[PDB]
Structures are given as structure tokens and as C-alpha cells.
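Before any questions on how it binds or moves, here is one chain, the form deposited without the named molecule, in C-alpha cells.
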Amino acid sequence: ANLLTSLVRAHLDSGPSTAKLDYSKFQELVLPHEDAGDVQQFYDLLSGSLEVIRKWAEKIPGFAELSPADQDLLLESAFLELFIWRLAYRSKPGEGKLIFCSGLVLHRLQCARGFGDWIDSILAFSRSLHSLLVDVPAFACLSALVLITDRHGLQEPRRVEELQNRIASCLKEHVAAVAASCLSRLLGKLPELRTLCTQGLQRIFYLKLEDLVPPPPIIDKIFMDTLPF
């Protein structure tokens, strides 16, 4: 309620207004054509979301009351998932149109070489998300539940589960206020998201192998820290 408002407000301040959208690099028709620039663009797009998602997380009531080590672990473990979740909701998959948190708009083919096949998987997940017609308050709860979740190595796992439970209840109550089957279809997108993001890890592995350009240190640390072997 006040929780709901704070979550909505955190979501809306974490991304571009309709009027801040930048179409100046956008190409409707992409010409017949990975090189270093594609790989650089991929890392730049990921990296443009680090600070934004950290600041968003800091506005979730209770998140700053988790241990700093648990805060960092949750952000790192959820970063790719959150990047994709927010991108999927923001983008317009019926146009092949990717909308990043800076407002930058790009057509599928302008990214695809950096992203690899993963971009198609992301657009498929975005089309599925869009069909659900998730309203902003439900999305703002769900994003929080992507982040505030069990992860191996947490210092205070019960406190994480308690804040999770608060956000879950807030969502449940909101979905009842608007209208269990709707709830479960919303929650079901979280595992699909995780699985989707395995392909993200696979893509980074591939790019680190190829090594046309190395990942930036912060992305590299996320990648390394989230490999459970």
C-alpha cells in the first residue's frame, strides 16, 4: 500500500520517460552486413544498467536494512535477470524494438550481433510478457521479487525471505484489489526469467572465450561470482 507506492515510484524513477526516448541511432531497415564494436556495444548496454538498478534497489523499503554483503550478493545474482526483465517490459517486441534504460532505441538487428541468439529469446520472452498485460504496480512488485530472493551465501537468508514475503503479499493484495490464476501466471514469469538468463551467462562465456574485447571488470565479476563451480 505505502509499500506498493514506494515500489511503483522506485520503478518509474528508474527508467526513461516517453519524451526522453532517443531515436537518433534507430534504423527501421537494417542493411545486410561479430566484430569488436558489436562486442563493445553488448557490454556497454549491460553496463548502462548497473547504476540504475543499484539505485532502484536502494529505494525498495527494507532493502537497505539487509546486510551490505547480502545487498551486494542479491544485486550481483539478480543483475542479468533484472536487466532482461526491465528490458522485456520496456521494449516493443511487436516492432522488434529494444528500449534501454537510457532511452536509447535500437532495432533487433542493430544488437543481435553483440547479443547473439539470446536477443531472439529475449524478444520471445518480451512478447509473452506483453500478452499478460502486467500493470505497473504488479511489475514493480515482481521486479522486487526477482531481486529479493534466496541465493546461496546469504548471511541473513530468513530476513531476505521475510522481505520477500512482504513484497509477495503486497502483490497478492494488489492483484485481488484490481480484479490466484492471475497471481500464478505473474509469478510463473520469474523461473522463466532465470532460465532465460542462463543464455546470458552462456553468451558471456562465449565472448570471454573469443576475447575480441574483454568484459568490463564489474560485468566480469558478476559473471565469475555467479558461476556456482
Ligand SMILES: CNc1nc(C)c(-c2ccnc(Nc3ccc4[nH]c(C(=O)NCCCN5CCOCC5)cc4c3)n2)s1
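The first residue of the shown sequence is 1; numbering continues from there.
Although it is not shown, the form deposited with the named molecule bound is what the next lines describe.
In the entry with it bound, no residue of the candidate spot (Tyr43, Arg108 and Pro214) has a heavy atom lying within 4.5 Å of the named molecule. Contact between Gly114 and the named molecule in the entry with it bound is not found at the 4.5 Å heavy atom cutoff. In the entry with it bound, none of the heavy atoms of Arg159 sits within 4.5 Å of a heavy atom of the named molecule. Shown here without the named molecule, the chain has no residue in 191-214 lying with a heavy atom within 4.5 Å of that partner in the entry with it bound.
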